[PDB]
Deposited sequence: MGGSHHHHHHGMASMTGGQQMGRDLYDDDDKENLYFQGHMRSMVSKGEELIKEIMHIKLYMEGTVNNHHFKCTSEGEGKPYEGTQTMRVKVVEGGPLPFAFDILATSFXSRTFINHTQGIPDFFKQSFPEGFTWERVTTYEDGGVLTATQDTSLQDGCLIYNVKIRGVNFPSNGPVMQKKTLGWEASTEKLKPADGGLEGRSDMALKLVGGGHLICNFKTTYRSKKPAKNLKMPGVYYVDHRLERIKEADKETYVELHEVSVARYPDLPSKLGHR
């Protein structure tokens, strides 16, 4: 089957956000066919992060997406090799977070390897002052873009005692399997819900849950 009904995950992440180098590590598990998953994150380097963790949570699983209707799963079809993704998130206040990700399948446990580069996050802004809450539920429009998938989405980051700091991202998904060995999907949508379950000792340990359900557009 390759991708089982319940799958284990292990993650490695490192980066610099406003030149503040850090390193993160994770262990998680989800139901790939149901679109749910859970991730327990631990910041191993760069002490208590000077920026809001929320900018990183969104880089911590395309393989855990409930493909309803009968949409070809580009992500699951890409195994055992896996797939890569490059995302660029642009914030309304000038902050830009670029992330590079590698997904592989080694000895049953699913492996994620992320690279993070955050720049121009304003000093007294919600991210740097750590005055952000969760991410509101978002929707990503995916369209087949020459061999891979291109995903665009507009997100809203909840703010401490306020409204939101909005942003948008452009992502490119590249399969490790050749495009010849893949049945590509049409233009489809993925609705996401990203909730933070737990938090410990100054955003050093964070538990996150995600729910993703794919669907063909309405008529």
Legend entry - Stretches with no C-alpha atoms in the model, relative to the deposited sequence starting at 1: 1-48, 109, 269-275
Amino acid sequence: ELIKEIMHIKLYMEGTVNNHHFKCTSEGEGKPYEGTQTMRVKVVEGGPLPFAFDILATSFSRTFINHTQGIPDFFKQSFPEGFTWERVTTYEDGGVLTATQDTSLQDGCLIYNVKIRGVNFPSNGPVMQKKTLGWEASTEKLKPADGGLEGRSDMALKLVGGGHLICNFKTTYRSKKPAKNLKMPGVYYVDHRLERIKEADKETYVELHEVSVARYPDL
From here on, numbers count along this sequence of modelled residues.
Inset, instruction - Would you determine, from the values in the PDB entry, which of 175-183 and 35-43 has the greater average C-alpha temperature factor? - result: 175-183
Inset, instruction - Check the entry's C-alpha temperature factors for 117-125 and 133-141, then say which stretch has the higher mean. - result: 117-125
Legend entry - Entry-reported Cα temperature factor of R152, expressed as the chain third it lands in: middle
Legend entry - Chain-wide C-alpha B factor ranking for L49, given as lowest, middle or highest third: highest
Inset, instruction - State the tercile, meaning the lowest, middle or highest third, of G28 with respect to the CA B-factors recorded for its chain. - result: lowest
Inset, instruction - Please place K158 in the lowest, middle or highest third of its chain by C-alpha B factor as given in the entry. - result: lowest
Inset, instruction - Could you tell me which third, lowest, middle or highest, the C-alpha B-factor of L97 occupies within its chain? - result: middle
